[PDB]
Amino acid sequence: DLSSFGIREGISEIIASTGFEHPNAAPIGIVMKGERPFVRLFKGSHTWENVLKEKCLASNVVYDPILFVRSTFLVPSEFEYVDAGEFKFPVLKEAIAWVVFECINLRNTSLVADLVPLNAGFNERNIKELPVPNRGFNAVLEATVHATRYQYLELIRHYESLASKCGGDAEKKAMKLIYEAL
């Protein structure tokens, strides 16, 4: 039941892990519009390269804005390996919940692929506080989108003030990290 692992109606903003041979993480929206979940991957990214080669991707639900930003620009010790068929596949140690997916029906449009769930897990250890809407966290999320597009600088500058007004220390540090990264 994908809903329990954060894969929900609309576009769920998660951190996608890929790379059996070298783990990689990057924010990705998984889309759910009534049928199988699917992804639309910008061509050229390591996520795109990994899905083409390996046809596997895992979702990682993350509420930490620092992790979102660091993954927009993670080292192997940050990943753990979980069962994906007879292979093991990297997910984030700090994931609240993960689902490993086989990527199917690959088609260029970006690269689009539908997702078939292989295995899923929940990390009780990782939920310490109750999630609550925070416009500062939302602002960091909008900044990472523009950062990725930039890879826009003017736009990132605006979100900074919302992150500073509404964010906690973690949102403020994440926004600092974006500024440093570019």
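So that there is no doubt, residue numbering starts at 1 and follows the sequence shown.
The deposited sequence places 1 to 3 unmodelled residues between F73 and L74. The modelled chain breaks between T109 and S110, where 1 to 3 residues of the deposited sequence lack coordinates. Comparing the deposited coordinates for 78-86 and 92-100, the stretch with the larger average C-alpha B-factor is 78-86. In this entry, 33-41 shows the higher mean Cα temperature factor of the pair 33-41 and 55-63. The maximum CA B-factor among the listed residues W48, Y152, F137, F68, taken from the PDB record, is found at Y152. The PDB entry assigns its highest CA temperature factor, among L141, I156, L115, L130, to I156. The PDB entry assigns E13 a C-alpha temperature factor belonging to the lowest third of its chain's modelled residues. In this PDB entry, the Cα temperature factor of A147 sits in the top third of its chain's modelled residues, the highest group.
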